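Q: Sequence and experimental coordinates follow.
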Protein chains: 2
Amino acid sequence: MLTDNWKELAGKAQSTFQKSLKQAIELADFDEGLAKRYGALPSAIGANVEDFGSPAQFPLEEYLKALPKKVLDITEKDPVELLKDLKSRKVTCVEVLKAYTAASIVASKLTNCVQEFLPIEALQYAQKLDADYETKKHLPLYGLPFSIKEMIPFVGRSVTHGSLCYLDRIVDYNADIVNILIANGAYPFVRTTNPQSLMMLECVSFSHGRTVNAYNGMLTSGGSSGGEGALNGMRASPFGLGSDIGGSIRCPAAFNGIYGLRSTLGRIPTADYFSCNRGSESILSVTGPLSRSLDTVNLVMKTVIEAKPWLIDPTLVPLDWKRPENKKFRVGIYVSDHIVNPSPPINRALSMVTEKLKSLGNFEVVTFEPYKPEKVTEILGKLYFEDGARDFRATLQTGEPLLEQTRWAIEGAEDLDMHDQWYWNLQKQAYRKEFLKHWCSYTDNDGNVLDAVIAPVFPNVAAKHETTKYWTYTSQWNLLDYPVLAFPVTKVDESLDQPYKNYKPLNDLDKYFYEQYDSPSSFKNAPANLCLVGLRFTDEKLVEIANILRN
Amino acid sequence: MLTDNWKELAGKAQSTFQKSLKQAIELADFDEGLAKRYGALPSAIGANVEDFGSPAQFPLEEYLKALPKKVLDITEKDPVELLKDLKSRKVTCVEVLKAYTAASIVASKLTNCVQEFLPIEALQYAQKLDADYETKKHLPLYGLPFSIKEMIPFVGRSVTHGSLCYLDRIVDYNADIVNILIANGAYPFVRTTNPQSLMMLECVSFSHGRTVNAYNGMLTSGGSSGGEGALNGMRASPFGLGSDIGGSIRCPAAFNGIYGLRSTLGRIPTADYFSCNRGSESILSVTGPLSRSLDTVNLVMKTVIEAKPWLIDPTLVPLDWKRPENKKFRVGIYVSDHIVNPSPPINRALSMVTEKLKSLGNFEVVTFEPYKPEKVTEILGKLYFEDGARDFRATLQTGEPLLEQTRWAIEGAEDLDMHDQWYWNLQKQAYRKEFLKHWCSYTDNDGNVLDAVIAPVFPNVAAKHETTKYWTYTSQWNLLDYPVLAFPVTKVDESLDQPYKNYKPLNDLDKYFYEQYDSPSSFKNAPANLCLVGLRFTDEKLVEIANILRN
């Protein structure tokens, strides 16, 4: 840990970003027309980490306008299809790198989703991938760059999870999942932004400033993997890796209208990531990919697991990544937990998806009721910061200010005695066992279990800044460790999504979210996503059902 | 002329081009990446002059993808801005030549717009211009290359206007306008294609094959300055010189979405060009610039006229090139001649330009009715080929086939007796006098004359091959000798430009053009241009109004 003044350290972080941005622009080699249009874009990057700039109203429109067809023809192509072009040599690995690097630079300025570009090592990866074309063409991800959340170790970099005090914490190794993906023909080219404490569903830190939504620049990108959500929502990366302990993969994915998988704990390696509360095991985070392309999420999962990562990380289970053979499906619709009702755009998305599943013959669709959702907050309120947030709070010895959203996550945290931890571990495992019984109560007379549940990711589309005051719609599945896949449905419609009249709130917090949704014009063009929830290790069922919903 | 078999001569024409193409590639000095992409481009050049190849759907998109930043940063620059860099020595005369030579090579393969490159003399011009930088820094076109239609004499070259029989017609001199432009720091670097007889609004000859549109390769470039329209539409030349006796400058410019000025006869020297019917004076062609850049059009006229060309060509009038001091404008909109109605894309261009002028306070906008447009065809029907096309048909003694478009131009040609010419000269002068009275009938109560008329250039955007069967929208102003400036407005919009419903044709020829517009997709991405018409010697009013329309 460092104890230097935070203002000096924020300088050092900005400098690291700016030096890599300069190198990124050199690699992309803009012609003067693009350099001009790029220069004139509204920036979400300020002069310092407390100045949040002036974001575009519709960053994706600005991105698609600014970039030349010569770049978009690569970055807008579905990554699995792009893998065919790299395999057949219609495009070089270095060519793909240049396009996506340029895309990420435009994305960085509009959304502020990049913490550090990796142009030096990425060119080395792509060049020798071209040189070794004949020997590595067979690899499942040959030539594809990808993004990694800053919390993921990469050789020679500091790993801070957004905390300035860790700027001298340099690693000489990559995370296991990074090396596995590299062994399969991929390589990271950019590090995405992460917020203070990582326990925020937004993306504000004193290492980068504020990250904004790819579809509406007045809204949050989400968090904790906010840079990944913004970068991949802008299609400026084929896919990315985030982490998810309270919604930190699915919230960015849903807010930015893309796919994001909270994978079951123990399938893919994440423990070598850096966060707060290192060594805490009561509730464990997971990783998983974010991408515009469901086929790319599936291929990344398939690639890492078929590399048998349990022979490097022993917390993992040797369970194959397998397409489910079920042709019939039983699916529940989780319309509300009856604590905070979803806003109109989320409710319309639930109806759309309900109607589509009912129209297909092989889906039986039932209502799914909550089971003690208040119990989610009680337990996670004790286990998220089980040291009373001492480990996080010590990071602020630099004077780094405490953000409003971080305040919520550490409010009330108890420094548990061993017997207190034991008490709540028993509360955790009992709730898990009770909920399984609840889930199995929906099995039919013939003995067919529920395959998946469809639920919101958040009580609304991308939230206004400093308003993500309810976690249960995502953290429920972290307490249970159920795999959850966020997927796109629709966008806000100003005609269809007017506020409910004569709404009677369920409680003060539901009242807060009701008044938060003042009108759809406040959320123009915001994607309305949902998620598919499955029992532990049924990840593949979720991919298969999402496949049907997009056809 | 020559009397050899035409197939041998077409070979000789192809050899001259291929010999100059080889020298151009050496001058351009491709690196391997460009040489590779150039080799793989779809060509509008065939194996022989009757084989038209397989052109790209969007030649311009292919051009922008194929050429490097090292080239596009110069050729995409507005030539007036590029002149600043040449003056301040931020860029070399040879550097600019190399970029534009490379651009024209790529443009040549994609659109077939180059008849002969001039890289030997161009390198000599550019090299000594660099050497003489300190003494020639002041010249208004210092360092700028430009293209010339093949009909324009250049030292040591054959001048054929596309007729194979004239391949032994070598000149030892440049055209007056060329020498003037050289005296002002410019130099020609490429010769562009022209069609058989020059009397078609397309660009097909047995010297080069078929020239295609820069924006949609299934459509014609226009003619007769078809190479000029394509080359400058691809922005592969800073500007070019064409000729216009029936629309042969404005039709290429309009089809390729750039500017083209049919300047008033008697301003800039053109008589030393070569065409058919040399010595025919009943209807005289004019020259004028084509360019992507309006500012470049204005500067060439200013440069040539300020060189006092009436001291070399005595047919010219000593009238300064002067920007008008008008603060108010009266402008007419020519919606139709009520013989052939414009297609939807042109019709929307008229409304767009109308609504823009009405939105500025200082424009009075009135509807402009036609005046006996049928008399245009009748008079031009007698005076275009007043020898009964005897001179042109003698070019076919080589066996050179008669193209379908040429057939239209010479069908019905009478070999006029002197009294017949006198009769039609009087008809010509009477119509001009009647039309002036028509124009002046639009003068308002305070005595303000119409400053300009906005009219179509053609009943449609760039035509499908062998369908340019109506000339009046351009030849009207050749009969009258009014200055006309073609200028860009919009592109085909597939939503907005669906065919007219419940359309009732005005006559057989109008029905033909209606059926020609089968759907906007047949003309995807084709520019919709219009033109500004002024009274004789008001060229500058047209430039000034075009300036306002593009801001």
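A: All right, it came through fine. Numbers count the residues shown, from 1 in each chain, chains lettered A, B, ... in the order given.
Q: The residue lying closest to residue A:187 once chain neighbours are set aside: neighbouring residues, count only.
A: On the basis of Cβ to Cβ, 6 or more residues apart in numbering or on different chains, the spatially nearest residue to residue A:187 that is not a chain neighbour turns out to be residue A:125, at 3.7 Å. To be clear about C-beta, it is placed using only N, CA and C from the backbone, and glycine gets the same treatment. Residue A:125: 22 surrounding residues under other Cβ atoms under 10 Å in any protein chain shown.
Q: and the helix or strand containing residue A:125, what does it pack onto?
A: Assigned by DSSP states H and E, residue A:125 falls within helix A:119-131. Applying 3 or more Cβ pairs under 8 Å, 6 or more residues apart in numbering or on different chains; DSSP states H and E, we find helix A:119-131 packed against helix A:6-28, helix A:93-111, strand A:145-149, strand A:187-192.
Q: which of the residues in the helix or strand following that helix are buried?
A: Downstream of helix A:119-131, the first helix or strand assigned by DSSP H and E is helix A:133-136. Of the residues in helix A:133-136, those buried by neighbour count under the rule 16 or more other Cβ atoms under 10 Å in any protein chain shown are A:133, A:136.
Q: Pull out the C-alpha coordinates of helix A:133-136 and format them as PDB.
A: This file holds the C-alpha atoms of helix A:133-136, laid out as PDB (Å, rounded to 0.1, in the frame of the first residue of the first chain):
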ATOM      1  CA  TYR A 133      -0.200 -18.500 -39.200                       C
ATOM      2  CA  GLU A 134       0.500 -22.000 -40.500                       C
ATOM      3  CA  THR A 135       1.000 -23.500 -37.000                       C
ATOM      4  CA  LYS A 136      -1.700 -21.600 -35.100                       C
END
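Q: The residue in the stretch 101-250 of chain A positioned nearest to chain B: what's its closest spatial neighbour, skipping adjacent residues?
A: Using Cβ to the nearest Cβ, the closest approach of the stretch 101-250 of chain A to chain B is made by residue A:102 at 11.7 Å. Spatial nearest neighbour of residue A:102, chain neighbours left out: residue A:28 (3.8 Å); criterion: Cβ to Cβ, 6+ apart.
Q: same check, this time on residue A:95
A: Nearest to residue A:95 is residue A:74, by Cβ to Cβ, 6+ apart, at 7.3 Å.
Q: Am I right that the one you found sits in a helix?
A: Yes: under DSSP: H, G, I helix; E, B strand; the rest coil, residue A:74 falls within a helix.
Q: Pull the contacting residues for it.
A: Taking Cβ atoms under 8 Å, 6 or more residues apart in numbering or on different chains, we find residue A:74 in contact with A:82, A:91, A:95, A:96, A:99, A:100.
Q: Scan those residues and report the most crowded one.
A: residue A:100 (28 neighbours).
Q: correct me, but residue A:273 touches residue A:150?
A: No: look at residue A:273 against residue A:150 with Cβ atoms under 8 Å: they stay out of range, at 10.0 Å.
Q: show me the contacts for residue A:456.
A: Residue A:456 touches A:334, A:342, A:346, A:350, A:473, A:530, A:531, counting by Cβ under 8 Å, 6+ apart.
Q: same check, this time on residue A:273
A: A:149, A:151, A:152, A:153, A:175, A:243, A:285, A:287.
Q: so how far is residue A:208 from the fifth one?
A: By that I understand residue A:175. Computed as Cβ to Cβ, to the nearest Å, the residue A:175 to residue A:208 distance reads 20 Å.
Q: Neighbour count for those two, which is higher?
A: residue A:208 (28 against 25).
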